[PDB]
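Trainee: An experimental structure, sequence included, is below.
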Amino acid sequence: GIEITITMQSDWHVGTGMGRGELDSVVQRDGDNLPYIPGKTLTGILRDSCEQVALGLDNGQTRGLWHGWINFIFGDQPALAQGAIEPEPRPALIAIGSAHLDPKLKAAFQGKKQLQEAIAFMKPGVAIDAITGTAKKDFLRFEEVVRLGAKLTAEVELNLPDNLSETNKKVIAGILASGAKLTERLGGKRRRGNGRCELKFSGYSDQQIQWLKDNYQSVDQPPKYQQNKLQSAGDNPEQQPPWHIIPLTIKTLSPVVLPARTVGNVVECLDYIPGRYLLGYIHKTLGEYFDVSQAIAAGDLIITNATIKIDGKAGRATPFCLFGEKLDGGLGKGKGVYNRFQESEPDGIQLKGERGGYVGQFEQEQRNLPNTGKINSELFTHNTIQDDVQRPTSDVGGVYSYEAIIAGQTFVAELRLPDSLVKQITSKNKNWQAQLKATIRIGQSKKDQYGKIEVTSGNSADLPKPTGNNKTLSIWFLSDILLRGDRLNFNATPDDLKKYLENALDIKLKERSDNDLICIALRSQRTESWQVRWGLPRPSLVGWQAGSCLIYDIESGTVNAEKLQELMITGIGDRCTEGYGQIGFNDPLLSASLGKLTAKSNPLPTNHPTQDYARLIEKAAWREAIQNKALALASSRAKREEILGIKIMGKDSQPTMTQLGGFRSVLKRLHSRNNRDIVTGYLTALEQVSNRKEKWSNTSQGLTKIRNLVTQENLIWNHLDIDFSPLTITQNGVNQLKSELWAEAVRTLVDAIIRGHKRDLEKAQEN
Amino acid sequence: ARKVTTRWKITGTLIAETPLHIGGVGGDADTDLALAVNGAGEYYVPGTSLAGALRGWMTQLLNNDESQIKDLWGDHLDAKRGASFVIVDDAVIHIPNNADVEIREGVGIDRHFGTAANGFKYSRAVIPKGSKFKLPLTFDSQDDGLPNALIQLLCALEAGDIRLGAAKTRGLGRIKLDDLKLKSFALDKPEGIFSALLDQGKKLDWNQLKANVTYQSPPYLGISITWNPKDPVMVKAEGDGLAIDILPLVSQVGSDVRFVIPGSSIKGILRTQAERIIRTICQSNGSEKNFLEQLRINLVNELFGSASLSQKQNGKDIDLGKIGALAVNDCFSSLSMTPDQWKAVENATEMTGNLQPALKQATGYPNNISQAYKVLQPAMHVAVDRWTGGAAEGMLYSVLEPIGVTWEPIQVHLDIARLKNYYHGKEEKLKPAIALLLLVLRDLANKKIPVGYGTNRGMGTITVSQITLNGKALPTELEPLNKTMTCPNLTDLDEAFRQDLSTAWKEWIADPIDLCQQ
Ligand SMILES: [Mg+2]
Ligand SMILES: [Mg+2]
Ligand SMILES: [Mg+2]
Ligand SMILES: [Mg+2]
């Protein structure tokens, strides 16, 4: 319910080492391609201002009662520890999102690529040699700064403890109001005037500071931290068939970091949400109806991985039996894909095995390659400031990056519950699937800039029903399979997997003997992960990747589709409740032969508060459009003749360059339409003197064309012929900006034409 | 955070004492060189540009000592230092009422032909004199009190010793501080931290700090030339007028316009004579050189300065550029007119008609034209055809000659510290540069350097009544310069001093080395 509103009072720069065009440093831009303040900048800046306040109240003691309060509100900084610390680090109470421009302004920008650039401008910078007083070699830069007057707002959450006394709540509000009001600058080059701001909380004012001034001498130590322990009841019913399957649709509302591994200083991201990330939301929503912790221990609950939505369904990890033509084929090309479980390699052409991504649905007469889904991802780079030097240093790491899944991606998980647990719930709440709609935070760095997702529940889907083919059994690993060897460590082998299914299904299996057809296509997997409840990393989990495939000829017995269905629900192996072990039997995408197939803004309201700021952006986009178009129109001698009548005839210029220069000097005085008296006065006095009027004979009507261009207010815009619709966002913006920029457009076009004329005259001269 | 014993907010009004130019990226269709504007299009001083002007002056004060400068302005290299303790905000420039950004024309004059060089025509937008902007400093003290070097800085601003922006040697960039106010917040203590949040701080009397220090102005030689026009002196306006083709240049100076001779023009005439003297002595011709090579000759490269130009001169890579140690101010007329009173002159259309009321207004003789035309006098000229006589068809033109406008004394500022740095300290090496400058001033007083438009065509010759030489902290062997001279031939300088300068000068003539070559 809280917001931070930031009013930027000078031009501001944030966020990126990269630089794009002729600019050396470029600002951070959100998913709408509009500049914004990252939530980690906002937290780090606000923390720093609260740290100054607390440092004052402690009478400068760098540790003390009030620095305890900062560590209470903003969480401890491990990696600043100077001695033995026995308690685990506290997380923050305050989560602060990224600050974005006004949503109604952001809608107006959509698609208007030229306007999104105009929000910023180049700021030059030079460094000067102290003895000579001239610019140093190398020391030149041009920097993007966003226009001042941007007003940005961030969501804030204070998830205070369930027991904090009202005296302590007033202290927390006091500090945050105090630190906000002490905050004056953010971003790059603060010390040189960039990034001045007003930062205000909703509902905190000087009353919050004044209470603290009146009472700080009375304040105690913060309360001790306590974990939210689990609590079981043991009261669940026995699991009974059927299994209900409830699809959960996840949509990313901000970037999500889902750590695959760290290489160097960059955290890499998964391209799916593991089911373990959703258990916290399942605990939040259903733990009131049944003992969720017992259901996990009994295995009465499965939450699958969320994989990218394709064909309205969860995308399925690309089977490693598919091979693409190495030259120009594969699912990324949409042709030249062979199912090596069934097709020989073609002669000559070598193939590359498929290695990732997700495929949509496929049916046993698809006539097309299955729809292939891709997950977009972005790299976010951050720093850590050492507080005394106020710059990053090696002692605090200082640079790191997260890959993240960007916003707007949609994923589908499925919660599976036995019939007996749905009965438990429905006896207590008939609408319980309505309680599954939520917005939650998942991932690394979940408390600020990253991790915000919508969850929406669908209607109960049908149980999968595989075909019970007695000729071959084929297994697609839709998720990572973790098996334990007979020593209970994870060093199992594909022969342990044969026995597992052989024992589970009551059938004997043997590898298919066809020499051209591969029978097994696995890759090994290792997962390294923390466990937050333990405060220690999980034991390392080893297994096979999703997408791994194998196919067995059934030696004896008969496979029962009833049991294949049940395994497709509950999965196989370790930790199936997190969606490990999810598997697909006899899916026709493994059975088919594929080599032949191929693939299938609105304006701001006039009353809107940001209308004054939008007007600054529009003029910038219009000015650059006019300047660019004036350059193009001067480049061609037919257009200079159309517009002003000027022409080149052999070596001669019509009129002389001196006559153009004389006119141009008068046009410099055309600041406004009401100065058009000045320019028309010049032309009549010229036209009245016979020797001067005839200087402009042999021009194409040049004196009337100039008279028209200056006195007909529509005419400049018809010669420029710019489509201003992509360059305007204010309602009635076009007519206003035309009246404002008219005189400047006339000056710009005449200036361009005379320059272009002279530098073509030089060519005819120099022949 | 960073520990702060006290935060000082140091603020006041800065006024442009001469026109400013802080450049943007450049070019704006109206001018070649274009003023910096903030994101709202308002003219402003970037805090980067102002912060560097202040840090620059302190570096010249602290004799280019790094160690102390980095403790105020911060550093990136040293593991102990990092971010700046002085914070400088952006400040919007408020231009005076009715005043507006002026465009200054510029030309480069070919040293051989005496005429504008090809391509060397440019124009610069400038903030008019008397514009104001806020001084926006904050200082986060970790020690107690206030650094004395930071007090010297504020004394230097109040003295107007700091220049900001471009063309600093050619008229522009001088600023002076007024209304300095100091607010201290004792951020180390509860009473002080709440003051920052609520009470708006503790006032300090600046005069109490200003009493505990002596302001150490750096070595300089000020030259004030008192002069009057013997033939009408003007710089031509940017373009032809209506009743009068050729009109004088004027500039806004607060409430009134004044005629102006830009420091660019006075510098350029002085440079030209200085070079002619040097080339004459060496008999070095100027005719085969292009204009950028014509400019580049000995001693004048240090006095008047040289363009930046990187050269791999010896496998080592070196910059030839250095700023002029000699700077010149714009010279304004004693006479002044209201802005509309001159707009009546620019827009007259009949030389015998509505022009006569306008000049009677502006000259201050609204009822007495025969006195009005003793100040500004319209002249007519003809070209007379050589076979027929009469007048050549089309060749009739007129000039508004400021026959009687009185002019204020020209100010030339010689930065002795900057030369002495170029010569790596050796004050012996000043004497050829000082000798050259005195020879240039000798010609100025002997009518050998005409100024402005039409020098060969009935304008531009000046009488110099007095040159006052007023240096501060000059080295003891140059201390005889502090003088007021009225003899054109320098005979008011001590003969022993003039004979000493003549000796060092003659010894350089005998071997005209690059005197800053260590
Ligand atoms: Mg370089
Ligand atoms: Mg660059
Ligand atoms: Mg240009
Ligand atoms: Mg006329």
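Mentor: Sure thing, it's come through. Numbering: from 1, shown residues only, chains lettered A, B, ... in the order given. Ligands and ions are numbered 1, 2, ... in the order given.

Trainee: hey, which helix is longest across chain B?
Mentor: In terms of residue count, the longest helix belonging to chain B (DSSP state H) is helix B:263-282.

Trainee: mind listing what's buried in that one?
Mentor: Using 16 or more other C-beta atoms under 10 Å in any protein chain shown as the test for burial, helix B:263-282 gives B:263-279. To be clear about C-beta, it is placed using only N, CA and C from the backbone, and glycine gets the same treatment.

Trainee: remind me, longest helix of chain A?
Mentor: Chain A, longest helix under DSSP H: helix A:733-765.

Trainee: helix, strand or coil for the most centrally placed residue in chain B?
Mentor: Centroid-nearest residue in chain B: residue B:171, 2.4 Å away (criterion: C-alpha atoms, centre = their mean). For residue B:171, the assignment made with DSSP: H, G, I helix; E, B strand; the rest coil gives coil.

Trainee: show me the residues around it that make contact.
Mentor: B:18-19, B:262-264, B:267, B:328-330 (C-beta atoms under 8 Å, 6 or more residues apart in numbering or on different chains).

Trainee: Spatially nearest residue to whatever residue of chain A ends up closest to ligand 3, not counting backbone neighbours?
Mentor: Using C-beta to the ion, the closest approach of chain A to ligand 3 is made by residue A:755 at 8.8 Å. Closest residue to residue A:755 apart from its sequence neighbours, by C-beta to C-beta, 6 or more residues apart in numbering or on different chains: residue A:634 at 6.4 Å.

Trainee: right, and the helix or strand after the longest helix of chain B?
Mentor: helix B:291-294 (DSSP states H and E).

Trainee: does any part of that following helix sit near chain A?
Mentor: No: judged by C-beta under 8 Å from any C-beta of the partner chain, helix B:291-294 makes no contact with chain A; its nearest approach is 15.1 Å.

Trainee: which parts of that helix are buried?
Mentor: Judged by neighbour count using 16+ other C-beta under 10 Å, the buried positions of helix B:291-294 are B:291, B:294.

Trainee: Looking at the stretch 101-250 of chain A, what residue ends up closest to ligand 2?
Mentor: Using C-beta to the ion, residue A:141 is the residue of the stretch 101-250 of chain A that sits closest to ligand 2, at 4.5 Å.

Trainee: Tell me both backbone torsions, phi and psi, for that residue.
Mentor: When quoted as degrees, to the nearest 10, the phi and psi of residue A:141 stand at phi -140, psi 150.

Trainee: quick one: it and residue A:26, what's the gap?
Mentor: 12 Å (C-beta to C-beta, to the nearest Å).

Trainee: out of these two, which sits in the more crowded spot?
Mentor: Between residue A:141 and residue A:26, counted using other C-beta atoms under 10 Å in any protein chain shown, the more crowded position is residue A:26 (19 against 15).

Trainee: Look up how far ligand 2 lies from the more buried one.
Mentor: Separation of residue A:26 from ligand 2 (C-beta to the ion, to the nearest Å): 11 Å.

Trainee: Hmm, residue A:33 and that residue touching each other?
Mentor: No: using C-beta atoms under 8 Å, residue A:26 is not in contact with residue A:33; the gap is 11.6 Å.

Trainee: got the residue ranges for the strands in the stretch 1-150 of chain B?
Mentor: Applying DSSP state E, counting those that start in this stretch to the stretch 1-150 of chain B gives strands spanning B:6-16, B:44-45, B:86-88, B:91-92, B:102-109, B:116-126, B:132-141.

Trainee: Oh, that last question was meant for the stretch 351-500 of chain A, not what I typed.
Mentor: A:351-353, A:358-359, A:372-373, A:377-383, A:385-386, A:391-392, A:399-405, A:410-418, A:438-441, A:452-457, A:472-477, A:481-482.

Trainee: any chance of those in TSV, plus distance to ligand 3 and mean neighbour count?
Mentor: TSV is the format used below for these (distance: least, C-beta to the ion, whole Å; neighbours: other C-beta atoms under 10 Å in any protein chain shown):
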stretch	distance to ligand 3	mean neighbour count
strand A:351-353	55	16
strand A:358-359	55	24
strand A:372-373	52	20
strand A:377-383	38	16
strand A:385-386	42	18
strand A:391-392	39	16
strand A:399-405	40	20
strand A:410-418	51	22
strand A:438-441	53	16
strand A:452-457	49	19
strand A:472-477	66	23
strand A:481-482	69	24
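
Trainee: between those, which gets nearest to chain B?
Mentor: Of all the strands of the stretch 351-500 of chain A, strand A:391-392 sits nearest to chain B, with 4.1 Å by C-beta to the nearest C-beta.

Trainee: Contact partners for the residue of the stretch 101-250 of chain A closest to ligand 2?
Mentor: A:24-25, A:124-126.

Trainee: Next, give me the two most distant ones among those residues.
Mentor: Pairwise distances across those (C-beta to C-beta) peak at 14.7 Å, for the pair A:25 and A:126.

Trainee: Of the two, give the one with the bigger neighbour count.
Mentor: residue A:25 (19 against 14).

Trainee: I'd like to know the phi and psi angles of the closest residue to the more buried one other than its chain neighbours, please.
Mentor: Excluding its sequence neighbours, the residue lying closest to residue A:25 (C-beta to C-beta, 6+ apart) is residue A:143, at 5.0 Å. Dihedral pair for residue A:143: phi -130, psi 140, per degrees, to the nearest 10.

Trainee: dump the residue contacts of residue A:143.
Mentor: Contacts of residue A:143 by C-beta under 8 Å, 6+ apart are A:13, A:23-25, A:122-125.

Trainee: just how off-centre is the longest helix of chain A within its chain?
Mentor: Centroid displacement of helix A:733-765 relative to its chain, using C-alpha atoms, centre = their mean, to the nearest Å, is 41 Å.

Trainee: I'd assumed residue A:412 was in contact with residue A:303.
Mentor: No: using C-beta under 8 Å as the test, residue A:303 is too far from residue A:412 to be in contact (11.9 Å).

Trainee: so which residue of the stretch 251-400 of chain B comes closest to ligand 2?
Mentor: In the stretch 251-400 of chain B, the residue found nearest to ligand 2 is residue B:310; the distance is 16.2 Å by C-beta to the ion.

Trainee: count of neighbours near that residue?
Mentor: Residues near residue B:310, counting by other C-beta under 10 Å, number 11.
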